[PDB]
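This report refers to the structure that appears directly beneath it.
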Amino acid sequence: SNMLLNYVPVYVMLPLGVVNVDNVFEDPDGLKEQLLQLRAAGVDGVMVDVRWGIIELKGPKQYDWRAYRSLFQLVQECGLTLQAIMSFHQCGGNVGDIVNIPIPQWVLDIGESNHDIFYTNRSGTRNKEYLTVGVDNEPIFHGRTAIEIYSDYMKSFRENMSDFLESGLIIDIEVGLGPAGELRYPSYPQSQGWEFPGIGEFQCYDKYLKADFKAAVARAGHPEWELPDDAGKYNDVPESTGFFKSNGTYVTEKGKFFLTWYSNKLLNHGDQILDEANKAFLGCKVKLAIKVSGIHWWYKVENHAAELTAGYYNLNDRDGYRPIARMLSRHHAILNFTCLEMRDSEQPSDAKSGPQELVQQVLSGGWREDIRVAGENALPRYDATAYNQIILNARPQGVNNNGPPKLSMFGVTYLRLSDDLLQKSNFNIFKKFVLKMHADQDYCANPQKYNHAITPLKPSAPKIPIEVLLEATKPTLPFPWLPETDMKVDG
């Protein structure tokens, strides 16, 4: 019985490029300084993207883990733990982007001969940042399927990093399941002209997905059903489209079928890849996790358009997140969310943005399914208002004086370590943030003290059929949220 049980761990994301495109750890001295400053603040750990485009660049199964081993070594020396992301997606590539790392060139070479390995929009544009879920089990990559690539990659990682895993440095494995490493479709690509708060576009037009859907509708008794042709374009508003307008196609039988099939692909995609993750890190003292995208625009209108095109079939009469949480259950994985710092009043009224409500829904759905939920801030913020909102979401019902809190997130990762953050005035408030997150307790080196002891990863539990998974779509009332935290940074 002690306040320490209200302790929520805080991690800081490392900047991009720590390890460059040439697989070189370019600035150990500069990073060490920064890591030590993070120690002065009592930060628990850091998060780093382990880029597939950097590691398996040479060719199939030709991995080079040295640079990352050096990075891990430095982190361990500075006394911090680490969350490793298996990033099977592109980095940068947009005008102005400094850190640009596409997926392996040998995979792109295959893409030149088979354009359908990339997510595709209705106009036929190919998004080269990730491999379409449609080729998860297609053995077209020099004999391997997309999932086998991800599987061998994670297996190589565990073996070559066996020492860091056994010494307790690497404490979390976040499996990237799509663009930006999120489990979703690239519905709002900056490269194709999208601009907030556009509804975005469906990305199921590649030959593979377009064939599965057609077989699906045929089995449903409607062979003639086609992929959406009235959903408009990236920057449209819901009401201007035949698909999302009131009494539009989205509440139609065919529309509902399509949306169900569309969102279903994401559930199977994540479930199958997580199967490989459990096998790869079996026995290791590490937790598994995935990242869910926070599509807060249009959440306040009945059609939830942005979410739908992203692949989250979430409406006011259909929960599109609780099923994801349920799917994570058998893998004992953490649902890592975002938008933890946003307040509705900060978004433009024309965006119908409901980040606060989205967070409350996702988190409640996770706790309802009895899985752990973690999260990050969506955008760089250095003010007390952002921190207090994060702290609120961390322990939505406040702290329990002599016992664990009624509700609490498993941990939060702060967006990007940067010169701005380390700036004295900004770092001063950030430090108050860590203190409150830690419930006024000093940094605690042994997670066991606040009930975060990590045990050997167990095999994933029996597969759960899609019907049982979809039972979670039943709407539920969210847990009650406090209007403001009881533990705010005095600022």
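To be explicit about the labels: the chains of the structure tokens are called A, B, and onward in the order shown, and within each one the residues are counted from 1, while ligands get numbers from 1 in the order they are shown.
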Query raised in the report: Tell me, which residues of stretch 287-480 of chain A carry DSSP alpha helix (DSSP H), written as a VMD selection string?
Result: chain A and resid 305 to 310 322 to 329 355 to 368 384 to 394 419 to 422 424 to 437 466 to 469
With a cut-off of 8 Å, could you pull out the residues of stretch 309-356 of chain A touching stretch 382-392 of chain A and give me the nearest pair of atoms for each, distance in Å to one decimal, using only C-alpha atoms, ordered by chain and ascending number, as CSV?
```
residue,atom,partner,partner_atom,distance
A:340,CA,A:390,CA,5.0
A:341,CA,A:386,CA,4.8
A:342,CA,A:386,CA,6.9
A:343,CA,A:389,CA,7.5
```
Query raised in the report: If you count only C-alpha atoms, which residues fall within 9 Å of residue A:232, apart from same-chain ones fewer than 2 positions away, as a ChimeraX atom specification?
Result: /A:199-201,229-230,234-238,240-243
Using only C-alpha atoms, what does the table of stretch 24-103 of chain A residues within 12 Å of stretch 264-280 of chain A look like, with each row giving the shortest atom pair and its distance in Å to one decimal, sorted by chain and ascending number, as JSON lines?
```
{"residue": "A:85", "atom": "CA", "partner": "A:277", "partner_atom": "CA", "distance": 11.8}
{"residue": "A:86", "atom": "CA", "partner": "A:277", "partner_atom": "CA", "distance": 9.9}
{"residue": "A:88", "atom": "CA", "partner": "A:273", "partner_atom": "CA", "distance": 11.7}
```
Report task. Please provide the set of residues having any atom within 8 Å of residue A:25, restricted to only C-alpha atoms, with same-chain residues fewer than 5 positions apart removed, written as a count of residues only. Result -> 7
**Report entry** Best match for closeness to residue A:380 among A:245, A:416, A:115, A:128, counting only C-alpha atoms
**Finding:** A:416
Report task. Within 9 Å of residue A:334, counting only C-alpha atoms, which residues show up once you throw out same-chain ones fewer than 5 positions away? Write them as a PyMOL selection string, please. Result -> chain A and resi 174+287-291+325+328-329+371-374+410
Show which residues sit within 8 Å of residue A:170, as a tab-separated table (two decimals) with N, CA, C and O atoms, in the first residue's frame. Count only C-alpha atoms, and ignore same-chain residues fewer than 5 positions away.
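Saved result, out35.tsv, follows:
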```
chain	number	residue	atom	x	y	z
A	81	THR	N	15.79	2.55	-20.02
A	81	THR	CA	15.29	1.34	-20.68
A	81	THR	C	14.90	1.77	-22.09
A	81	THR	O	14.93	2.96	-22.41
A	82	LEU	N	14.54	0.82	-22.94
A	82	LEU	CA	14.20	1.17	-24.31
A	82	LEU	C	13.02	0.41	-24.91
A	82	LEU	O	12.82	-0.78	-24.65
A	83	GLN	N	12.24	1.13	-25.71
A	83	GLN	CA	11.08	0.56	-26.39
A	83	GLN	C	11.51	0.50	-27.85
A	83	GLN	O	11.83	1.53	-28.45
A	84	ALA	N	11.53	-0.69	-28.43
A	84	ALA	CA	11.95	-0.82	-29.82
A	84	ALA	C	10.79	-1.07	-30.79
A	84	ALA	O	9.99	-1.99	-30.61
A	164	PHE	N	20.90	-7.62	-24.87
A	164	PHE	CA	20.17	-6.45	-24.39
A	164	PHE	C	18.80	-6.86	-23.86
A	164	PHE	O	18.27	-6.26	-22.93
A	165	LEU	N	18.23	-7.90	-24.46
A	165	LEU	CA	16.93	-8.42	-24.04
A	165	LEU	C	17.03	-9.12	-22.69
A	165	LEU	O	16.12	-9.03	-21.86
A	286	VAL	N	9.87	-9.23	-22.33
A	286	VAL	CA	9.49	-8.02	-23.04
A	286	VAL	C	8.00	-8.05	-23.33
A	286	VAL	O	7.40	-9.12	-23.42
```
Query - Between atom CA of residue A:214 and atom CA of residue A:256, distance in Å (one decimal) - result: 14.8 Å
Query - Filtered DSSP result for stretch 212-460 of chain A, state strand (DSSP E), as a ChimeraX atom specification - result: /A:287-291,334-337,373-376,411-414
For the residues in that selection, give me C-alpha atoms as a CSV table (one decimal), in the first residue's frame.
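So the final result, stored in result17.csv, reads:
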```csv
chain,number,residue,atom,x,y,z
A,287,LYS,CA,6.0,-6.8,-23.7
A,288,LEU,CA,4.4,-6.7,-27.2
A,289,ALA,CA,2.5,-3.6,-28.6
A,290,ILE,CA,0.9,-2.0,-31.6
A,291,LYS,CA,0.2,1.6,-32.5
A,334,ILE,CA,-0.4,-3.2,-25.4
A,335,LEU,CA,-2.6,-0.8,-27.3
A,336,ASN,CA,-0.5,2.3,-27.8
A,337,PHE,CA,-2.7,5.2,-28.6
A,373,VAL,CA,-3.2,0.8,-22.9
A,374,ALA,CA,-0.4,3.2,-23.5
A,375,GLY,CA,-0.2,6.4,-25.5
A,376,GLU,CA,1.7,9.4,-26.8
A,411,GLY,CA,2.8,4.4,-19.7
A,412,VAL,CA,3.2,7.3,-22.1
A,413,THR,CA,5.8,8.1,-24.7
A,414,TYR,CA,6.5,11.8,-25.2
```
Query raised in the report: For residue A:34, which residue out of A:78, A:187, A:463, A:216 is the nearest one, using only C-alpha atoms?
Result: A:78
Requested in this report: Name all residues at most 10 Å from residue A:406 (count only C-alpha atoms; drop same-chain ones fewer than 2 positions away) and give them as a ChimeraX atom specification.
Outcome: /A:6,395-400,403-404,408
